[PDB]
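*Asks:* Enclosed are the sequence and the experimentally obtained structure.
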Amino acid sequence: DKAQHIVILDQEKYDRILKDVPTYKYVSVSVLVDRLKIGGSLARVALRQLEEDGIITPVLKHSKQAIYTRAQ
Amino acid sequence: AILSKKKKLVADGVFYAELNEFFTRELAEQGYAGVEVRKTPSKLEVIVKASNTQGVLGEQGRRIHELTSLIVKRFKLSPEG
Amino acid sequence: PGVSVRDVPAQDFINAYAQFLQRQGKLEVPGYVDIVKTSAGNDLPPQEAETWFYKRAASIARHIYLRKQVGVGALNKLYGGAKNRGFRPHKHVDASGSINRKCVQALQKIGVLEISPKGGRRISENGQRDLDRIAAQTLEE
Amino acid sequence: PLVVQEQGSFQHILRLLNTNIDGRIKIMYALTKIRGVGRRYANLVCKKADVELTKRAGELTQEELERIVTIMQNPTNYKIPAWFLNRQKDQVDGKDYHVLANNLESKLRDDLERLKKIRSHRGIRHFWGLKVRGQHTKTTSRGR
Amino acid sequence: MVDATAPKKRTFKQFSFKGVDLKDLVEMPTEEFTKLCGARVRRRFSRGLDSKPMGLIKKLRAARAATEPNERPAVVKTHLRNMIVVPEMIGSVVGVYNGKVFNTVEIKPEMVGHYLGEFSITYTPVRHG
Amino acid sequence: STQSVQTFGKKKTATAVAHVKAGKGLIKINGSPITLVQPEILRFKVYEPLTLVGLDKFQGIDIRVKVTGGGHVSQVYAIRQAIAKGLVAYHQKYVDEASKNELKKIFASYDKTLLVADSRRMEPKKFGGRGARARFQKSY
Amino acid sequence: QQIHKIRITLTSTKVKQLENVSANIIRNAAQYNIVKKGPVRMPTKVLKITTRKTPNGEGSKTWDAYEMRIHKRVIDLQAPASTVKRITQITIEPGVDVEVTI
Amino acid sequence: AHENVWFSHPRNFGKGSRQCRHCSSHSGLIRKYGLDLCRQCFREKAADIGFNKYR
RNA sequence: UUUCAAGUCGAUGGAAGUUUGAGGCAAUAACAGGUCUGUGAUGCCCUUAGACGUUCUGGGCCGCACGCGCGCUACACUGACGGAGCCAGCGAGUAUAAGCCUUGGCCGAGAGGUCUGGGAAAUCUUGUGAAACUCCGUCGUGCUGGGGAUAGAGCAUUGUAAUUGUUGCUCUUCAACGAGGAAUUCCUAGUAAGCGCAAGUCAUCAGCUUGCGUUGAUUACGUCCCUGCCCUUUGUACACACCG
Ligand SMILES: [Mg+2]
Ligand SMILES: [Mg+2]
Ligand SMILES: [Mg+2]
Ligand SMILES: [Mg+2]
Ligand SMILES: [Mg+2]
Ligand SMILES: [Mg+2]
Ligand SMILES: [Mg+2]
Ligand SMILES: [Mg+2]
Ligand SMILES: [Mg+2]
Ligand SMILES: [Mg+2]
Ligand SMILES: [Mg+2]
Ligand SMILES: [Mg+2]
Ligand SMILES: [Mg+2]
Ligand SMILES: [Mg+2]
Ligand SMILES: [Mg+2]
Ligand SMILES: [Mg+2]
Ligand SMILES: [Mg+2]
Ligand SMILES: [Mg+2]
Ligand SMILES: [Mg+2]
Ligand SMILES: [Mg+2]
Ligand SMILES: [Mg+2]
Ligand SMILES: [Mg+2]
Ligand SMILES: [Mg+2]
Ligand SMILES: [Mg+2]
Ligand SMILES: [Mg+2]
Ligand SMILES: [Mg+2]
Ligand SMILES: [Mg+2]
Ligand SMILES: [Mg+2]
Ligand SMILES: [Mg+2]
Ligand SMILES: [Mg+2]
Ligand SMILES: [Mg+2]
Ligand SMILES: [Mg+2]
Ligand SMILES: [Mg+2]
Ligand SMILES: [Zn+2]
């Protein structure tokens, strides 16, 4: 009951995402949920765009598992 | 009428089983051993093995004649068949 | 060498034929597609409301390509699945007849299939022509 | 088809048909909180109101919220099939209806006395709180 | 949600069953009546009415004709408890077998469309302790 | 006609019949290239008979198999056996047996099921239980 | 009504007499220069019936598993109808029944 | 009158619609392959019919 | 290794090296074990016309404060849905009936309806295009899109007859259950576990059995510690044999 993860993305969290995700060894749906406090559905759209924006390199593609890494 | 292969071989067996018990009840006193049904064209040969073939074929073969009639009238067989 | 339907993966070929069939727009879509569920064993309608009919018609077309005189009754069994009987064990139940029958009827007037002799629905003279075409525009990337 | 941001437009708590709806639930499953509105029914009223299901409850504007409650209260006027409705071939007026949050238990109740007033067997077992649909009660339903 | 109000209205309301009020309901023929009730009832009349249901109706009609000071129409007894109540037999009193006794019921208008034996429980309810 | 050999591989119920003809190296599964086998996690099970010997062995031969029966996984093992057995059987008939024994050595040293069909079959069920060995739970 | 493509269907429970009649007909179809096709072994059908052992309902739940194997063979002959029927009387056997269809 | 009531209830498509060849019983009937024999009567006649135990 | 014996354990070859895997049959006697509710199998007793025979109508065998046993669903993310991919084996099937398996076409959201045709069957249903499963999406730890009882309203099928809902379908309601105490069951390889399919009962109804196949392991390959049985020795005042 204590989760209360944020599902709407405001501006303070948005640039915090783009400031924190690059400094990650390994990002995934749970990694985004665990540390950014965002919901699972919001994490999935974030990963699919961050890959389209070039910040994130896709190590492996799968529906149930998305393995991503830093592009730097 | 039109009877399947599975249901036809079973019917022959069921006919044999019912016919065999019929002889056991009727010809019990004559040491009835068994019956062999030899199918043939235009005829249904039935061979009965008994200790005494006089009780079945008695008084000018009256009983065997009167006993084959009980099978034509129960299985709807032609009198010559 | 040439290209056939059998030379391309099934899952992404249907996604390509579905896209063409929607953009072409000539396929007639029945009016209840936004309401109905695909099977009586299903509990919810398809999640891709705008496109589920096109993709299913694409799947039906591809499945008929590889076989000979498949009926509409066989199509219900193919797309049917395990029903969620509450406490009783699961069982396979066929899909809806109208959805499949409308697709093949809709596909029959777009030119890809036709009623085959001795039952079923054959692929049309032009049905082979245009499916093999889509396969080529699938694998260039 | 990408992440977007908003400020001050989200509404945490909604009130529809005198029922409180959590605003952070997806719209299709938020309406299922309204009693008398299931997942199957909520999927169609959102599709009849041209409200794409990819929106949370708070994302909706007032214009959309009123457009949904209008459809739920008048389903047949929006090409919603009769067989899809909650209360079809009504007892008194014979028309197809879909009862909602506060109306459902009232007309559900009215059916119970209507069974009990004629003293039918089904109404009697309903009165006793036992199963009415022929279930065996010798070994099941022993809680309280 | 906008708003809601429930100001219920009337007009000397007569009891009504699926859009048909009691006045027209009773003198509708049972052929027409079955067309506006449930699936089970509609199937039963299409399957063909054997002599037993029709014979009870004829006796029930006569029992009402026996008395014309407008009191209760005297009891007709029957075993056929698979009878479907029709508007023609509203107000009649029937004795319905429960296996042992003739439970007596008076056909109220709200009983229409139900099975005749559904108002006569066949078992005395269990009472532990 | 031409140099054609026909073989088969088997798993539990799945049986894959392989036709190995002389040609440009055409290798299809039920009329579809092996590069698009549905079990992708297991796509390397049928790639093993290829990369073990080297794709150069398939320049002169084309293989078309028809696999039926069994299940999804059981069919993959049947296909890879028909291919492995087909390549060996072609060498024994149209190439020197020295090469055929060479190919058979690498295959056997890697996986016995490439050439030898697995003999395991399902045990029959016996009454008194829901399975072959399993029995209904007992109560006292 | 002369030389015909004629089918003889052989069914029986026991294979020894079935193969004797089958071989005897083939033998007679060999010395007589009659082209033949067969015999064709149809997949044998196992008629299985599984009852409970107990006439009552007491004891361990034990079951019998009875069987009735049915073997069916069809032989195709190219001969006039008079020739094939008399061949049947040559190879008549009580166990095996014969049906002839054109 | 009485003939229209005596044995008047339908006795088709039921368990009482059929009976054993041997014992004319209603319970435990075997209808496979048109045997129409009781399961108890079948065991005592199985060998005669041609059913044997092999496995 | 071994009494160099019976054998056992490793390799190699092999399709198969656990009795090759699995079953069927199965000794000398015995039990007051269970069935006279399988028998036109039976002795005796009871009844035999107001029947305890048989038949017809209706109800009951389902009845519900409770204790117990065989099971089925689940408690979620190794997952639910939504699309898409799409693979078995064991089997069964009719006529002047009293109606079998039913494709294909056409209606219907479904359930289901209708018109033709095939099959007495390796021919047609049927490749029974089964389900788990796999891919791509939605969901995002929430009694939540887990779970689907209970119940309201409605639509079809079978049947003379569905009320005490036969079953199926549609909408709605959406309960306990958040992995279970003391105890206790089954199991060693295509085995266990899932997962379905067919046959039996069957006008209708399979959460049941009998089989079949799909996916497919963990852990011993040992012991007498518990439990049961067998053998040897022993005691006995038991032999109807400790229910002595
Ligand atoms: Mg499927
Ligand atoms: Mg599916
Ligand atoms: Mg489930
Ligand atoms: Mg379930
Ligand atoms: Mg019960
Ligand atoms: Mg009575
Ligand atoms: Mg053995
Ligand atoms: Mg005793
Ligand atoms: Mg007695
Ligand atoms: Mg008795
Ligand atoms: Mg007895
Ligand atoms: Mg007696
Ligand atoms: Mg008796
Ligand atoms: Mg009994
Ligand atoms: Mg019996
Ligand atoms: Mg009496
Ligand atoms: Mg009982
Ligand atoms: Mg009751
Ligand atoms: Mg009761
Ligand atoms: Mg049991
Ligand atoms: Mg038990
Ligand atoms: Mg799903
Ligand atoms: Mg799925
Ligand atoms: Mg077939
Ligand atoms: Mg819930
Ligand atoms: Mg659910
Ligand atoms: Mg429910
Ligand atoms: Mg124990
Ligand atoms: Mg029943
Ligand atoms: Mg069944
Ligand atoms: Mg049972
Ligand atoms: Mg011990
Ligand atoms: Mg002594
Ligand atoms: Zn019997």
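*Replies:* The structure has been received and is ready for your questions. Numbers count the residues shown, from 1 in each chain, chains lettered A, B, ... in the order given. Ligands and ions are numbered 1, 2, ... in the order given.

*Asks:* Can you report how many residues neighbour the spatially closest residue to residue C:132 that is not a sequence neighbour?
*Replies:* Spatial nearest neighbour of residue C:132, excluding adjacent residues (Cβ to Cβ, 6 or more residues apart in numbering or on different chains): residue C:4 at 5.7 Å. Every residue, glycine included, has its C-beta placed from N, CA and C. Using other Cβ atoms under 10 Å in any protein chain shown, residue C:4 has 15 neighbouring residues.

*Asks:* Do a quick rundown of the strands in chain B.
*Replies:* Ranges of strands in chain B, per DSSP state E, are B:32-40, B:43-50.

*Asks:* Make TSV out of the ones you listed and add mean neighbour count and distance to ligand 6.
*Replies:* Below are the strands of chain B laid out as TSV (neighbours: other Cβ atoms under 10 Å in any protein chain shown; distance: least, Cβ to the ion, whole Å):
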stretch	mean neighbour count	distance to ligand 6
strand B:32-40	14	54
strand B:43-50	14	56
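
*Asks:* Out of those strands, flag the one nearest residue E:99.
*Replies:* Nearest to residue E:99, of all the strands of chain B, is strand B:32-40, at 53.3 Å by Cβ to Cβ.

*Asks:* got the angle for that closest one vs strand B:43-50?
*Replies:* 160 degrees (axes from the mean of the first three to the mean of the last three Cα atoms, to 10 degrees).

*Asks:* Please name every helix or strand in contact with strand B:32-40.
*Replies:* helix B:5-26, strand B:43-50 (3 or more Cβ pairs under 8 Å, 6 or more residues apart in numbering or on different chains; DSSP states H and E).

*Asks:* out of these, deepest packed?
*Replies:* Among the helices and strands packed on strand B:32-40, ranked by average contacts under mean count of other Cβ atoms under 10 Å in any protein chain shown, first place goes to helix B:5-26 (a mean of 17).

*Asks:* returning to that earlier point: who wins for proximity to residue G:42 among the helices and strands packed on strand B:32-40?
*Replies:* Relative to residue G:42, the nearest member of those by Cβ to Cβ is helix B:5-26, separated by 9.9 Å.

*Asks:* okay, that closest one in PDB with CA atoms only?
*Replies:* Output of helix B:5-26 as PDB, limited to C-alpha atoms (Å, rounded to 0.1, in the frame of the first residue of the first chain):
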ATOM      1  CA  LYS B   5     -17.100 -53.800 -39.300                       C
ATOM      2  CA  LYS B   6     -16.600 -53.200 -35.600                       C
ATOM      3  CA  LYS B   7     -20.300 -53.800 -34.800                       C
ATOM      4  CA  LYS B   8     -20.500 -56.800 -37.200                       C
ATOM      5  CA  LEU B   9     -17.600 -58.900 -35.700                       C
ATOM      6  CA  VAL B  10     -19.000 -58.200 -32.200                       C
ATOM      7  CA  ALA B  11     -22.500 -59.200 -33.300                       C
ATOM      8  CA  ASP B  12     -21.100 -62.600 -34.500                       C
ATOM      9  CA  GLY B  13     -19.500 -63.000 -31.100                       C
ATOM     10  CA  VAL B  14     -22.600 -62.000 -29.200                       C
ATOM     11  CA  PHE B  15     -24.600 -64.400 -31.400                       C
ATOM     12  CA  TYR B  16     -22.200 -67.100 -30.500                       C
ATOM     13  CA  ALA B  17     -22.200 -66.300 -26.800                       C
ATOM     14  CA  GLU B  18     -26.000 -66.400 -26.600                       C
ATOM     15  CA  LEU B  19     -26.300 -69.500 -28.700                       C
ATOM     16  CA  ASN B  20     -23.700 -71.300 -26.700                       C
ATOM     17  CA  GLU B  21     -25.600 -70.700 -23.400                       C
ATOM     18  CA  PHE B  22     -28.800 -71.800 -25.000                       C
ATOM     19  CA  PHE B  23     -27.400 -75.300 -25.600                       C
ATOM     20  CA  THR B  24     -25.900 -75.400 -22.100                       C
ATOM     21  CA  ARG B  25     -29.400 -74.900 -20.600                       C
ATOM     22  CA  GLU B  26     -31.200 -77.200 -23.000                       C
END
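
*Asks:* Need the phi and psi values for the residue nearest to residue C:132.
*Replies:* When read as degrees, to the nearest 10, the backbone of residue C:4 gives phi -130, psi 180.

*Asks:* Quick check: the gap between it and residue D:65.
*Replies:* 52 Å (Cβ to Cβ, to the nearest Å).

*Asks:* got the contact list for residue F:37?
*Replies:* F:29, F:43, F:46, F:76 (Cβ atoms under 8 Å, 6 or more residues apart in numbering or on different chains).

*Asks:* The first one and residue F:79 touch, don't they?
*Replies:* Yes: if you go by Cβ atoms under 8 Å, residue F:29 and residue F:79 touch, sitting 6.4 Å apart.

*Asks:* Now the buried members of the contacts of residue F:37.
*Replies:* F:29, F:46, F:76 (16 or more other Cβ atoms under 10 Å in any protein chain shown).

*Asks:* rewinding a little: farthest pair in the contacts of residue F:37?
*Replies:* Checking the contacts of residue F:37 with Cβ to Cβ, the most distant pair is F:29 and F:43, at 11.0 Å.

*Asks:* Find the residue at the geometric middle of chain F.
*Replies:* residue F:81 (2.1 Å; Cα atoms, centre = their mean).

*Asks:* Can you report how many residues neighbour the nearest residue in space to that residue that is not next to it in sequence?
*Replies:* Leaving aside its chain neighbours, residue F:81 sits nearest to residue F:9 (2.8 Å; criterion: Cβ to Cβ, 6+ apart). Residue F:9: 26 surrounding residues under other Cβ under 10 Å.

*Asks:* Look at the residue of chain E found nearest chain G and say how many residues are nearby.
*Replies:* Closest to chain G within chain E is residue E:123: 29.0 Å, counting by Cβ to the nearest Cβ. Neighbourhood size, residue E:123 [other Cβ under 10 Å]: 8.

*Asks:* same thing with residue F:25?
*Replies:* By other Cβ under 10 Å, 13 other residues sit near residue F:25.

*Asks:* Verify the stated contact: it with residue F:60.
*Replies:* Yes: using Cβ under 8 Å, residue F:25 is in contact with residue F:60, at 7.3 Å.

*Asks:* Give me the contacts around stretch H:23-33.
*Replies:* When contacts are defined by Cβ under 8 Å, 6+ apart, stretch H:23-33 is touched by residues B:6-7, B:10, G:47, G:49, G:51, H:15-16, H:18-20, H:36-42.

*Asks:* which residues in chain F form helices?
*Replies:* F:43-53, F:72-94, F:97-110 (DSSP state H).

*Asks:* out of those, deepest packed?
*Replies:* Mean neighbour counts for those (mean count of other Cβ under 10 Å) peak at helix F:72-94, with a mean of 22.

*Asks:* Whether that helix contacts RNA strand I - can you check?
*Replies:* Yes: legend: contact between helix F:72-94 and RNA strand I by Cβ under 7 Å from any atom of the strand is shown at F:72-75.

*Asks:* same thing with stretch D:127-144?
*Replies:* Yes: for stretch D:127-144, a contact with RNA strand I is found by Cβ under 7 Å from any atom of the strand, at D:128, D:130-139, D:141-144.

*Asks:* Look at the nearest residue to residue E:99 once chain neighbours are set aside and give its secondary structure.
*Replies:* Once flanking residues are discounted, residue E:99 sits nearest to residue E:122: 5.4 Å by Cβ to Cβ, 6+ apart. When classified by DSSP: H, G, I helix; E, B strand; the rest coil, residue E:122 comes out as coil.

*Asks:* Tell me, how many residues neighbour residue E:122?
*Replies:* Other residues near residue E:122 come to 13 when the count uses other Cβ under 10 Å.

*Asks:* quick one: it and residue E:98 touch, right?
*Replies:* Yes: if you go by Cβ under 8 Å, residue E:122 and residue E:98 touch, sitting 4.6 Å apart.

*Asks:* what's the neighbour count on residue H:24?
*Replies:* Residue H:24, neighbours per other Cβ under 10 Å, totals 10.

*Asks:* Over to it. Which of the three states is it?
*Replies:* Using three-state DSSP, the structure places residue H:24 in coil.
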